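One structure is given below, encoded as structure tokens.
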Protein chains: 2
Amino acid sequence: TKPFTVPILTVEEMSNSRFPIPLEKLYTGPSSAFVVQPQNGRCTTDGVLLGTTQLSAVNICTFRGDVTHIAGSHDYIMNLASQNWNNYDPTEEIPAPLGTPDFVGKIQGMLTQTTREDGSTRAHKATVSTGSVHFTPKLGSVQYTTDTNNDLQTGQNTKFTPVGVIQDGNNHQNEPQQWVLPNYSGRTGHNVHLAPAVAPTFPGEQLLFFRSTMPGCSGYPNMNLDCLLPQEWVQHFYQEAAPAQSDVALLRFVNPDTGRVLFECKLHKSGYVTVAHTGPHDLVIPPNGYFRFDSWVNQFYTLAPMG
Amino acid sequence: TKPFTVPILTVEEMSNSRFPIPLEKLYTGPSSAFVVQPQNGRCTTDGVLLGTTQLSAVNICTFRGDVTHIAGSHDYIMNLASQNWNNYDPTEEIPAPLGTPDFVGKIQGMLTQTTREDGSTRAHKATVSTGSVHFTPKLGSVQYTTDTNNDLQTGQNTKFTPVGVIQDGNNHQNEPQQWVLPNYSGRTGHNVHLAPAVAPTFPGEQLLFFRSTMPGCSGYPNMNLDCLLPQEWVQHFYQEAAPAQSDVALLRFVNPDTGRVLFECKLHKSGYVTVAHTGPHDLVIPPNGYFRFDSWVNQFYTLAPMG
Ligand SMILES: C[C@@H]1O[C@@H](O[C@@H]2[C@@H](O[C@H]3O[C@H](CO)[C@H](O)[C@H](O)[C@H]3O)[C@@H](O)[C@@H](CO)O[C@H]2O)[C@@H](O)[C@H](O)[C@@H]1O
Ligand SMILES: C[C@@H]1O[C@@H](O[C@@H]2[C@@H](O[C@H]3O[C@H](CO)[C@H](O)[C@H](O)[C@H]3O)[C@@H](O)[C@@H](CO)O[C@H]2O)[C@@H](O)[C@H](O)[C@@H]1O
């Protein structure tokens with residue numbers, strides 16, 4: 001049978017699947033108090049993409065299309081196009097355009113556009129609030145608040161490149177809310193075709209998150225961003241498409257230097273990881289360590305307590 | 001022997017290896033009038049990374065470190081740290097920090113920083129001119145021109161996220177110059193440990209470039225960006241590390257739908273591609289097509305004319 005495997009990349013050599021930035025560390029903790037249902041970075045070990053997950057690490061949280069000024073403000077409406085600048089098809093059985101951000105927050109970046117006729121270009125700092133009623137990706141439109149009100153032109157390809165997140169008001173780190181999905185269709189209707197919510201079912205286990213620190217652009221934002229799978233893992237499963245021989249793949253985090261294993265964990269065929277541990281914990285790992293698929297096991301396999 | 005292969009991704013599903021943006025099209029044309037010696041996106045089919053090439057698609061053209069204001073200006077000096085925020089080692093036998101931009105141009109993006117003590121954050125538009133004498137990556141420092149002169153703090157992690165390129169003066173598209181390497185050490189000394197220059201040696205052949213359109217942020221910039229290998233190809237060869245059985249791997253661009261081949265090309269073990277064609281040409285390809293390694297051939301193999 002097509003042997004299953006995970007890439008041999010180290011945590012720092014990989015990218016976060018929920019925002020275009022590299023992974024930084026591994027984190028585990030209880031999740032019973034949240035609804036863990038991210039839409040980006042979702043894929044079966046079988047290679048089946050889920051939610052709004054797409055292959056490009058750099059295309060996550062980016063938008064493309066054309067814009068029109070909101071008279072009397074420094075705001076603009078962008079009529080979305082697909083990443084390749086083609087028409088966006090709302091008919092597809094997906095939650096929203098692939099790569100759409102999957103959390104409620106204020107993402108700041110830059111809008112850039114070129115005038116086809118003469119090749120003149122321009123850029124403006126802008127922020128898109130995913131918690132806003134005007135955040136309607138699925139319907140084909142999103143809104144930005146910018147610093148300008150006269151330089152962006154109508155009917156010209158425009159792109160939004162994400163940089164980081166901002167926060168307002170006292171009560172620091174109150175936003176963004178990484179575990180709260182935005183309303184892809186606004187008030188027009190509920191979210192559709194979502195990748196399922198995830199939770200550790202085996203007693204004594206907790207989810208293992210691949211963590212990054214989203215850059216902050218203003219205020220006191222909660223910058224923690226946890227994904228269920230590194231972007232390269234999504235890329236790998238997709239191309240390998242190896243058949244899962246059980247519902248659980250046993251992985252060992254090994255140090256290529258010493259050749260020794262640090263801990264083992266469960267990669268569920270559904271596309272998420274759990275370890276045997278109770279309580280929040282920032283994992284200390286050798287910079288050169290990586291994951292290695294060792295064997296398929298039963299869903300009733302008890303993991304060696306994490307260390 | 002470990003069978004050699006290239007990823008099954010389509011052009012649009014892949015990323016440019018010289019700037020954090022997706023690939024858009026395939027381009028070929030004469031290169032005898034230029035010095036094709038890019039440092040990013042360089043890797044042997046064997047999996048040996050070259051120049052300033054690193055694995056992360058999102059880390060290309062990004063800088064990390066701390067900054068200090070240049071009194072009397074809106075400029076800042078950044079003392080570089082490695083991508084993981086650790087000390088930058090100038091001793092390494094590399095041209096400059098992995099991921100350093102490899103072309104002379106004015107790259108605009110945003111500097112973001114967080115104050116460790118209270119978690120307050122800030123962001124400012126900034127541009128780094130790689131043709132400036134102050135562009136000294138290899139020495140551990142680069143300079144930015146910004147829109148502020150009082151909000152960035154000293155001794156605080158700061159990151160530069162690239163967005164696009166700008167241009168000044170009449171004579172449009174004069175810059176950037178994608179084939180002109182910047183002086184990594186400034187005037188302190190010549191560039192060192194460069195990946196070799198590349199050129200088609202076989203009569204009737206031209207290099208095959210993987211092209212993207214860098215977003216423009218101001219003026220009339222030449223936005224064309226050609227890399228020798230998709231970033232995922234670099235990632236793939238690195239992990240696969242399959243032994244080259246000849247100096248030339250024959251690839252066929254195939255359409256997974258019709259199952260038919262469009263054209264064939266040469267992937268030199270050194271890490272670049274050539275096709276049989278004379279003159280500039282924007283390749284028209286089926287959106288679902290991809291490359292497939294079919295066989296190792298002699299360096300004297302004549303390619304079927306490209307179509
Ligand atoms: C927490 C605080 O956030 C930033 O300040 C914002 C402020 O932004 C503007 O003013 C600052 C300093 O005067 C910089 O120039 C920014 O570039 C400006 O955009 C506004 O968003 C107001 C609205 O209440 O709140 C402040 O907190 C940041 O610049 C500060 O350094 C600091 O991190
Ligand atoms: C080619 C031209 O480039 C941009 O204009 C720049 C200009 O930028 C400022 O002014 C414009 C319009 O007044 C926008 O507000 C920008 O956001 C500003 O930064 C400067 O760089 C000057 C210096 O000569 O040159 C202009 O060409 C762009 O905004 C224009 O739309 C246009 O594409």
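Here Cβ is always computed from backbone atoms with ideal geometry, including for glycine, and neighbour counts include all displayed protein chains. Numbers and lists here come from the model and the stated rules, or from a named source; no laboratory instrument gave them.
Report, by residue number, each residue of the stretch B:114-126 that is surrounded by fewer than 19 Cβ atoms within 10 Å (Cβ to Cβ) and more than 9 Å from chain A (Cβ to nearest Cβ). Explain how you work it out, then say what you get.
From the stretch B:114-126, those surrounded by fewer than 19 Cβ atoms within 10 Å (Cβ to Cβ) are B:115-120; that's our starting set.
Answer for the stretch B:114-126, where residues must be surrounded by fewer than 19 Cβ atoms within 10 Å (Cβ to Cβ) and more than 9 Å from chain A (Cβ to nearest Cβ): B:115, B:116, B:117.
Please verify whether residue A:197 is more than 14 Å from chain B (Cβ to nearest Cβ) and more than 16 Å from ligand 2 (Cβ to nearest atom), treating the condition exactly as stated.
On the way: more than 14 Å from chain B (Cβ to nearest Cβ): yes; more than 16 Å from ligand 2 (Cβ to nearest atom): yes.
Yes; evaluated as a whole, the condition is true for this residue.
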Exercise. In this structure, does residue B:148 turn out to be in contact with a strand residue (DSSP E or B) (Cβ under 7 Å, 6 or more places away or on another chain), assigned to a loop (DSSP other than H, G, I, E, B) and either within 14 Å of chain A (Cβ to nearest Cβ) or away from ligand 1 (no atom under 16 Å from the Cβ) (or both)?
Worked result: yes
For this session: Taking residue A:252 as the residue in question, decide whether it is among the basic types (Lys, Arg), part of a strand (DSSP E or B), away from ligand 1 (no atom under 16 Å from the Cβ) and away from chain B (no Cβ under 14 Å).
Result: yes
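Are any of the residues in the stretch A:82-97 among the β-branched types (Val, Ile, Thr) and touching a helix residue (DSSP H, G or I) at 6+ places or on another chain (Cβ under 9 Å)? Don't jump to the end; show me each part of the working.
As a first pass, look at the stretch A:82-97 and keep what is among the β-branched types (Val, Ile, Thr): A:91, A:94.
Retained after the next criterion (residues that are touching a helix residue (DSSP H, G or I) at 6+ places or on another chain (Cβ under 9 Å)): A:94.
Scanning the stretch A:82-97 turns up at least one residue that is among the β-branched types (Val, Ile, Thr) and touching a helix residue (DSSP H, G or I) at 6+ places or on another chain (Cβ under 9 Å).
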For this session: Run residue A:212 past the list (1) part of a strand (DSSP E or B); (2) within 12 Å of chain B (Cβ to nearest Cβ); (3) touching a helix residue (DSSP H, G or I) at 6+ places or on another chain (Cβ under 9 Å) and report the number of the one that doesn't hold.
Result: (3)
For this session: Kindly indicate which of B:204, B:169, B:155 is among the small types (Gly, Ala, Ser), away from ligand 1 (no atom under 16 Å from the Cβ), over 20 Å from the mean Cα position of the chain (by Cα) and more than 14 Å from every other protein chain (Cβ to nearest Cβ).
Result: B:204
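Can you pull out every residue in the stretch B:92-119 that is within 16 Å of ligand 2 (Cβ to nearest atom) and either outside the structural domain of residue B:156 (by CATH) or among the aliphatic types (A, V, I, L, M) (or both)? So that I can check it myself, show each step before the final result.
Within the stretch B:92-119, the first condition is being within 16 Å of ligand 2 (Cβ to nearest atom), and the residues that meet it are B:105-110.
Result: B:107, B:110.
Can you tell me which residue in the stretch B:7-23 is farthest from the other protein chains (Cβ to nearest Cβ), limited to those that are more than 17 Å from residue B:53 (Cβ to Cβ) and outside any strand (DSSP E or B)? Can you show your working first?
So in the stretch B:7-23, the residues more than 17 Å from residue B:53 (Cβ to Cβ) come out as B:8-13, B:22.
When the remaining residues are screened for being outside any strand (DSSP E or B), the result is B:8-9, B:11-13.
Values: B:8: 5, B:9: 7, B:11: 10, B:12: 5, B:13: 5 Å.
Restricting to residues being more than 17 Å from residue B:53 (Cβ to Cβ) and outside any strand (DSSP E or B), the top hit is B:11.
Take residue B:198 and tell me if it is surrounded by fewer than 24 Cβ atoms within 10 Å (Cβ to Cβ) and touching a strand residue (DSSP E or B) at 6+ places or on another chain (Cβ under 7 Å).
On the way: surrounded by fewer than 24 Cβ atoms within 10 Å (Cβ to Cβ): yes; touching a strand residue (DSSP E or B) at 6+ places or on another chain (Cβ under 7 Å): yes.
Here the answer is yes, as residue B:198 does meet what is asked.
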